[PDB]
Amino acid sequence: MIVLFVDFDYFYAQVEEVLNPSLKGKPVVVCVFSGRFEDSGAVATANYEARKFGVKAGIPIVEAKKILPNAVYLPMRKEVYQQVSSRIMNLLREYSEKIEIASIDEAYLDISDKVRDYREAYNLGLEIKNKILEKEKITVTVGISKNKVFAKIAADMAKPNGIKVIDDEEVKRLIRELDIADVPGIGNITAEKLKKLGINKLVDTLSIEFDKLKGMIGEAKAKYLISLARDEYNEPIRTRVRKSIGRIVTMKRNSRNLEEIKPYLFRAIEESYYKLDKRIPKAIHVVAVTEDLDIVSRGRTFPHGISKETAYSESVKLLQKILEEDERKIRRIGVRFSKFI
DNA sequence: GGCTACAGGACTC
DNA sequence: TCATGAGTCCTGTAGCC
Ligand SMILES: Nc1ncnc2c1ncn2[C@H]1C[C@H](O)[C@@H](COP(=O)(O)OP(=O)(O)OP(=O)(O)O)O1
Ligand SMILES: [Ca+2]
Ligand SMILES: [Ca+2]
Ligand SMILES: [Mg+2]
């Protein structure tokens with residue numbers, strides 16, 4: 001199998017540049033403003049000019065400003081990036097029926113039946129990169145390999161605006177040499193646990209007793225890492241169907257006063273239902289983030305779809321449960337719907 | 001023993 | 001006054017057959 005993975009470069013930032021060319025060259029920072037105070041919030045992403053200096057997704061907007069006070073700070077415009085994204089995705093569909101849209105800026109394409117080898121695949125990659133650039137003037141990075149994980153790793157190594165192929169021989173080299181921390185699905189917490197077991201490379205998971213690896217990172221991640229180490233990983237490119245829709249908002253000030261929290265919860269429900277658009281959920285979860293930034297939640301599944309009215313009344317009972325069971329103050333409140341009909 | 005629902009954990013974008 | 005927001009998969013625990 002030959003998988004071609006596409007990942008758009010510094011996406012939210014690059015779209016803003018396409019919409020306003022005068023931005024190219026300067027450091028651009030797309031922000032998610034929370035509204036508590038002046039500049040409260042975090043960075044969604046920033047173009048590479050800004051990243052060279054440490055301004056990247058996740059950091060406080062206030063910190064980014066300390067580092068780059070004169071950078072251009074723009075409020076995130078999700079809807080816009082989504083429309084642009086949707087158009088690029090349709091361009092990729094012309095290259096394969098077997099395509100998996102993994103997120104707002106990623107797609108995996110099974111081009112096994114389109115090309116005969118990696119040479120042809122690489123060339124197909126260029127053709128794709130050019131098409132997208134001509135049609136939308138958006139640069140993306142292409143990753144090509146025997147499966148989804150290594151096609152992704154291939155792209156991570158070639159961005160931005162790149163294209164890389166990881167052939168069978170290189171797959172064997174990477175299992176031996178690639179920092180296991182760079183393996184998709186291995187975050188700091190797991191990486192740390194693995195470093196503690198002397199596990200720094202995929203191949204190392206082969207010499208450690210399974211029960212020990214399992215007991216440390218869990219059965220699923222253990223089998224996953226091992227399957228990759230044995231070069232026996234296979235995951236099909238499948239159309240993804242959204243399983244849940246939700247909205248969570250930050251409150252002006254922390255609280256655990258039901259009436260003060262209600263308006264935020266209701267706003268979150270309103271927006272969620274708008275997003276649901278025709279999908280009827282059978283399950284609802286109220287999600288709260290406490291002052292100490294811990295996430296707590298309570299949910300319920302019904303034997304029938306949940307009407308907006310039922311969502312309101314039930315969300316209150318669920319929040320109440322949270323309040324009655326947790327003494328901390330709430331910082332962010334929201335809701336999430338699932339188990340669609 | 002293992003399925004199911006619920007809540008928390010971890011990861012990725 | 002650091003600390004967004006969205007969505008997915010896995011696991012521990014307890015009920016139940
Ligand atoms: N922590 C986050 N919070 C909010 N939005 C985020 C977060 N991480 C990523 N995003 C958004 C910003 C990006 O434009 C988009 C895709 O992520 P990702 O590929 O990892 O960043 P990027 O497109 O800016 O990529 P790159 O490093 O690939 O050039 O999703
Ligand atoms: Ca990207
Ligand atoms: Ca990692
Ligand atoms: Mg990516």
Side-chain angles (χ1 to χ4, degrees), chain A residues 7-13 29-45 56-67 75-79 81-82 85 100-107 148-149 152 155-156 181-194 214-224 235 238 240-254 268 271-272 275 282-303 318 321-322 325-326 331-340:
Chain A
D7 188 329
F8 313 160
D9 304 312
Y10 62 107
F11 202 44
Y12 292 12
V29 187
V30 174
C31 309
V32 186
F33 293 100
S34 62
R36 306 209 112 190
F37 57 83
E38 179 72 304
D39 287 313
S40 71
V43 175
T45 199
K56 60 179 181 183
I59 84 164
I61 300 171
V62 169
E63 290 312 298
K65 294 205 168 182
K66 288 179 182 170
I67 302 170
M76 179 194 262
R77 293 192 291 168
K78 192 84 162 291
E79 339 71 54
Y81 318 140
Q82 181 56 71
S85 171
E100 178 181 314
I101 301 184
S103 70
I104 199 170
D105 82 331
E106 299 173 306
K148 294 209 294 186
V149 176
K152 180 171 205 111
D156 291 334
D182 296 333
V183 177
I186 307 302
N188 290 184
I189 290 186
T190 309
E192 190 45 52
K193 297 187 165 201
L194 296 168
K214 174 184 179 185
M216 183 67 9
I217 66 176
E219 170 171 51
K221 232 132 203 169
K223 285 182 178 176
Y224 168 71
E235 262 315 305
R238 57 177 62 261
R240 290 199 194 181
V241 171
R242 188 153 303 319
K243 292 187 172 64
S244 69
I245 290 172
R247 169 74 179 167
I248 195 294
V249 306
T250 291
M251 303 188 294
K252 187 69 179 187
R253 85 175 196 233
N254 296 336
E271 290 167 39
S272 292
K275 292 183 182 172
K282 289 195 300 304
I284 174 173
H285 286 259
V286 170
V287 177
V289 171
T290 56
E291 40 184 350
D292 57 317
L293 306 179
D294 249 17
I295 302 176
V296 180
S297 71
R298 291 300 183 287
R300 185 186 177 192
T301 292
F302 294 70
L318 289 172
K321 199 172 297 183
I322 290 182
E325 287 159 48
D326 195 297
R331 173 188 169 84
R332 301 174 40 192
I333 187 65
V335 59
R336 178 146 227 92
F337 293 100
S338 60
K339 301 178 183 181
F340 306 139

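Hydrogens, waters and symmetry mates are skipped; everything else that's a heavy atom, side chains included, is used. Sequence lines set the chain letters: A, B, ... in the order given, protein chains first and strands last, and positions in each chain run from 1.
- Note on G334(A): nothing from the nucleic acid sits closer than 4.0 angstrom, heavy atoms only.
- Summarising the geometry, the separation between CD on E106(A) and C1' on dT12(B) is reported as 8 Å, rounded to the nearest angstrom.
- The phosphate of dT4(C) (OP1 or OP2) has no side-chain N or O of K56(A) nearer than 4.0 angstrom.
- Backbone-only engagement by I245(A) is indicated by non-hydrogen atom pairs under 4.0 Å involving sugar-phosphate atoms exclusively.
- With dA3(C), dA6(C), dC10(C) as the choices, the nucleotide that has an atom nearest any side-chain atom of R331(A) turns out to be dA3(C).
- Rounded to whole Å, atom P of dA10(B) lies 13 Å from atom CD1 of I186(A).
- Partner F8(A) forms a ring pair (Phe, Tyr, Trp, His ring centres under 6.0 Å) with one of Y12(A), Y10(A), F11(A) and no other, that one being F11(A).
- Using a 4.0 Å heavy-atom criterion, one finds that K65(A) contacts no nucleic acid atom at all.
- Where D294(A) and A283(A) meet DNA chain B, the nucleotide closest to each residue was compared, and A283(A) sits on the side nearer the 5' end.
- Residue contacts shown for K223(A) are absent, as no nucleic acid heavy atom lies under 4.0 Å away.
- In this structure, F37(A) packs face-to-face on the six-membered ring of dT1(C), meeting both the 5.5 Å centre cutoff and the 30° plane limit.
- Both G299(A) and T190(A) lie close to DNA chain B; mapped to their nearest nucleotides by heavy-atom distance, the more 5′-ward contact belongs to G299(A).
- Rounding to the nearest 0.5 angstrom, the gap separating the CD1 atom in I284(A) from the CZ atom in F302(A) is 7.0 Å.
- Residue-level contact check: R247(A) touches the backbone only, with heavy atoms under 4.0 Å from sugar-phosphate atoms and none from bases.
- If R336(A) and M76(A) are placed on DNA chain C by their nearest nucleotide, the residue sitting closer to the 5' end is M76(A).
- Atom OH in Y224(A) sits about 10 Å away from atom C1' in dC11(B), given to the nearest Å.
- Listed nucleotides: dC11(B), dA6(C), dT4(C). Nearest to the side chain of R332(A): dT4(C).
- Environment of CD in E38(A): sparse, with no more than 12 heavy atoms of neighbouring residues, nucleotides or ligands closer than 6.0 Å.
- Note on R298(A): only backbone sugar-phosphate atoms sit closer than 4.0 angstrom, heavy atoms only; bases stay farther off.
- Computed from coordinates, the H285(A) NE2 to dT8(C) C1' distance equals 13 Å when rounded to whole Å.
- The CZ-P distance, from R238(A) to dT8(C), rounds to 14 Å in whole Å.
- In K56(A), the NZ atom is not crowded: 12 or fewer heavy atoms of neighbouring residues, nucleotides or ligands sit closer than 6.0 Å.
- Atom CG of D105(A) and atom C1' of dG5(C) are 16 Å apart (whole Å).
- Within 4.0 Å (heavy atoms only), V296(A) reaches sugar-phosphate atoms of the nucleic acid but no base atom.
- Taking every side-chain heavy atom of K221(A) into account, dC11(B) is the closest of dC11(B), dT4(C), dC2(C).
- Looking at heavy-atom distances under 4.0 Å, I248(A) makes contact with sugar-phosphate atoms alone, never a base.
- For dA6(C), neither phosphate oxygen OP1 nor OP2 lies less than 4.0 angstrom from any side-chain nitrogen or oxygen of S244(A).
- Taking 4.0 angstrom as the limit, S34(A) places none of its side-chain polar atoms (N or O) nearer than this to OP1 or OP2 of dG5(C).
- Side chain of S272(A) to main chain of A268(A): a donor-acceptor pair is present (N/O by atom type, distance under 3.5 Å, no hydrogens or angles).
- Here the side chain of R242(A) is nearest to one of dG7(C), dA3(C), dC11(B), namely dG7(C).
- Here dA3(C) presents its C1' atom at 12 Å from NZ of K66(A), a figure rounded to the nearest Å.
- Toward the 5' end of DNA chain C, the nearer of the two residues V249(A) and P60(A), judged by each one's closest nucleotide, is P60(A).
- Using a 4.0 Å heavy-atom cutoff across all strands shown, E219(A) reaches sugar-phosphate atoms only and no base atom.
- Contact annotation for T250(A): backbone-only contact, meaning every heavy-atom pair under 4.0 Å involves sugar-phosphate atoms and none involves a base.
- Listed candidates were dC6(B), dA6(C), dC2(C). Nearest to the side chain of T301(A) is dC6(B).
- Counting to the nearest Å, the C1' atom of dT12(B) and the NZ atom of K243(A) are 15 Å from each other.
- Using a 4.0 Å cut-off between charged nitrogen and carboxylate oxygen, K223(A) and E219(A) count as a salt-bridge pair.
- Checking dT1(C), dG7(C), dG8(B) against the side-chain heavy atoms of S297(A) singles out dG8(B) as nearest.
- A distance-only check finds no donor-acceptor pair linking the side chain of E100(A) to the backbone of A107(A) [under 3.5 Å].
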